[PDB]
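A lone chain, given as structure tokens: the form deposited without the ligand.
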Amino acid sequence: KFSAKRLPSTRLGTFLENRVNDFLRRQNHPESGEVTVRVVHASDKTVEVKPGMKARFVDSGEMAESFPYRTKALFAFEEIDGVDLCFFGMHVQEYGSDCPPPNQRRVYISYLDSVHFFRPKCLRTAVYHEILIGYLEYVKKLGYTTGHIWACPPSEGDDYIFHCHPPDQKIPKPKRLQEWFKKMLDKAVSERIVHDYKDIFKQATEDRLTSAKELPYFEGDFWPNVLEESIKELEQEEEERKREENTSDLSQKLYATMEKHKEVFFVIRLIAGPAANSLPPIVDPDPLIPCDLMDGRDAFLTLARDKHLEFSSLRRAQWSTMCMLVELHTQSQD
């Protein structure tokens, strides 16, 4: 059997699905089916400081040239009338205790995606929250101190993970997406999983950061590109001053930019104050899962496009869930 349940399991994937099914049992709703969570990719990577953060900090020896992270893809599946449906997927970036500041002990959500067919409707949002609470809960226990989310809906016609969302599934605007993360984080705060959370701006002022080198540097994320565009304009300014002399602050505009966009960037403190000082090293009990299809989001979108897998309705998304699963299974074999 190529079913989702039979996919090789993980501490992490298991933790998640256990949490959700407990929550589902407590709800005791006749239409809900069993949920399955599987990490289908885990591998070790680096993020490279782009040129010009490179120039200004790396070469100076003030900041490391790259940071190592593990990357992971996990999908949640619900069983509807005895048939697997993949309604949710997420890609995270985890930076262990073995990683250079600013990035150590931080997790980042690269992207997350869903298709709105989970049943019943009235539990869909709850379930996604639960998945997220549990993830934050898991990495906290491994000793990651801080989660990071950038609340960034996809551009129109663009797919984060699943190819061809249903024409009527609305895409939230930023304010709504913000409120949605807030409602999730409050629940994790009341459960004492999260200490507190703040926008990037407030957080950076509190941490009293004086320099861009201090800002966590993540793959695909906004700030490494902002800094680049900022040095780029910081350079054009210098060239403008160059002319005035007759020749052919970085952290200032960082703070300006941070303030302007602050609402859309979450910093989530899992462990604050005393504990984060001295911690045993981060030990991931789960194995590496090489999977070519699940490294980044583009492989599976290519496959989807190539093989015409759409998630555009419950019936297609199930068929797609089928192929996705078969592939994951045959691509797992010798």
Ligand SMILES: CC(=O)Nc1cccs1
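Residue positions are given as counts along the sequence shown, with the first one as 1.
Although it is not shown, the form deposited with the ligand bound is what the next lines describe.
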is_contact(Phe57, the ligand) in the bound PDB entry, heavy atom dist at most 4.5 Å: no
Heavy atom of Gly143 within 4.5 Å of the ligand in the bound PDB entry: no
4.5 Å heavy atom contact, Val39 and the ligand in the bound PDB entry: no
Proximity of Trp150 to the ligand in the bound PDB entry, heavy atoms at 4.5 Å: yes
In the bound PDB entry, segment of 60-68, 266-274, 31-39, 283-291 with a heavy atom within 4.5 Å of the ligand: 266-274
Option touching the ligand, based on a heavy atom within 4.5 Å in the bound PDB entry, out of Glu79, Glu228, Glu137, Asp221: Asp221
Heavy atom within 4.5 Å of the ligand in the bound PDB entry - the one residue of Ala73, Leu185, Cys86, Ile200 that qualifies: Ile200
